[PDB]
Amino acid sequence: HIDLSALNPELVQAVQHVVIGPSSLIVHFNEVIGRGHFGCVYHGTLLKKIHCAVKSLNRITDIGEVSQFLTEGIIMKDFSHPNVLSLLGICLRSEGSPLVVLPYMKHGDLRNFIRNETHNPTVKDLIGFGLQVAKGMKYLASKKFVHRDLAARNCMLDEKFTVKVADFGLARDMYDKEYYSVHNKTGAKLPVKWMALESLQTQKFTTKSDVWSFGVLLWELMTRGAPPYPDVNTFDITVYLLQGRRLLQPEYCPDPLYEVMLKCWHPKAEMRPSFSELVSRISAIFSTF
Ligand SMILES: C[C@@H](c1ccc2ncccc2c1)c1nnc2ccc(-c3cnn(C)c3)nn12
């Protein structure tokens, strides 16, 4: 049972903005539409009816850890961009951890979308999806918000095929455990194959290490969702990157686009482009298609 007296009254006042009454929300616990480490995602509907995705946090059973997760993710309510996933609200209730309510994404996550063989997205489709991610990440960087887990699996597609940068703030979790590894300095599960080299070394995350991840994500798009470095063990990813080695050019990636990737992986964080700069580069490349 989550007691709001246990919640920092500081937290109560930010949460209050977005709370959803339990009678305003219907959840179908028999309809799992996603699986994370903190809980499952269910089909819900929010009241004037709205189809939505209900993220459970019930795996987080400690009130203090629940309170810290809310504290860190609540700023989410303050963001608004067509390429960034929005928060519909938070449903506190009678027993168990809070439910987080997000818009329903009709086409699921981006990686599964492009791996689907009937979809068979063209090079131009894929580059366009990449442009959309660049714009959402441009917005988040302007807010000084570091994502720390950008990857194709962590972006969603709505009914209009608009890409939403997702898996951040209150929607943060690990939604595919295969790509998180404890073989890093922290000892905790991390997406080591999407991480900038200095992140693996110093354990720090910046907008510049997001740029690095965006490069890997571009690579994923052009390979239609192939796993990065299938041949590099999680034990070797750091030294591999130290030796100057990088993901290879995808068969159907335009030479100009590969150049952008290499840039995102420059060893000197300050030498890598900004997202504002990436939106320009990639737009011009898309336009020449
Ligand atoms: C709140 C949850 C969510 C949101 C909307 C959904 N709409 C429809 C269906 C499921 C949904 C799940 C969410 N928020 N950010 C993210 C980022 C990635 C993923 C994910 C799930 N599986 N895989 C392979 C990736 N989920 N995710």
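Order of appearance sets the numbers: ligands from 1, and atoms from 1 within every ligand. Heads up: numbering here begins at 1 and tracks the sequence.
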Could you tell me if [Y] and [X] have a donor-acceptor pair between their side chains, going purely by distance under 3.5 Å?
| X | Y | value |
| --- | --- | --- |
| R111 | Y179 | yes |
| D210 | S213 | no |
| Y180 | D149 | yes |
| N112 | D109 | yes |
| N184 | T186 | yes |

For [atom], grab the closest protein heavy atom and report residue, atom and distance to one decimal in Å.
| atom | answer |
| --- | --- |
| atom 5 (C) of ligand 1 | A53 CB, 3.5 Å |
| atom 13 (C) of ligand 1 | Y175 OH, 3.4 Å |
| atom 23 (N) of ligand 1 | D109 OD1, 3.6 Å |
| atom 15 (N) of ligand 1 | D167 N, 3.0 Å |
| atom 18 (C) of ligand 1 | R153 O, 3.3 Å |
| atom 10 (C) of ligand 1 | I33 O, 3.1 Å |

Heavy atoms only, cut-off 4.0 Å: how does [X] contact ligand 1, side chain, backbone, both, or neither?
| X | value |
| --- | --- |
| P103 | backbone |
| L102 | side chain |
| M156 | side chain |

Legend entry - Sub-4.0 Å heavy-atom contact, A166 with ligand 1: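 Checking ligand 1 against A166, which is what was asked, there is a heavy-atom contact under 4.0 Å.
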
Inset, instruction - Work out whether the distance between some heavy atom of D176 and some atom of ligand 1 is less than 4.0 Å. - result: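 No, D176 has no heavy atom closer than 4.0 Å to ligand 1.
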
Inset, instruction - With heavy atoms of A171 as the reference, note each atom of ligand 1 found under 4.0 Å away. - result: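 What qualifies from ligand 1 is 14 (N).
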
Inset, instruction - Would you check the N or O atoms of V41, main chain and side chain alike, for any that come under 3.5 Å of an N or O of ligand 1? - result: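 Such a contact does not occur with ligand 1.
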
Inset, instruction - Say whether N112, considering both its backbone and side-chain N or O atoms, lies within less than 3.5 Å of an N or O atom on ligand 1. - result: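 It does not: no N or O of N112 is found under 3.5 Å from an N or O of ligand 1.
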
Inset, instruction - Report the member of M105, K55, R35 with the shortest heavy-atom distance to atom 8 (C) of ligand 1. - result: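 It is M105 that holds the nearest heavy atom.
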
Inset, instruction - Kindly say whether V163 contributes a backbone atom to a donor-acceptor pair with the side chain of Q132 at under 3.5 angstrom? - result: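 Yes, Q132 side chain to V163 backbone: donor-acceptor pair under 3.5 Å.
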
Legend entry - Donor-acceptor contact below 3.5 Å, side chain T162 vs main chain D158: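 Side chain of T162 to backbone of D158: no pair is present.
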
Legend entry - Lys/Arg-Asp/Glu bridge criterion (N-O < 4.0 Å) met for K177, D173: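 No salt bridge links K177 with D173.
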
Inset, instruction - Tell me, with the steps shown, if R224 and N120 meet side chain to side chain contact (heavy atoms under 4.5 Å, CB included). - result: CA-CA 9 Å; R224 288 203 59 203; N120 189 79; 3.9 Å; yes

Legend entry - Among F79, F275, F205, the one residue meeting ring pair (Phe, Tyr, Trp, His ring centres under 6.0 Å) with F145: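 With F145 as partner, ring pair (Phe, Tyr, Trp, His ring centres under 6.0 Å) holds for just one option, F79.
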
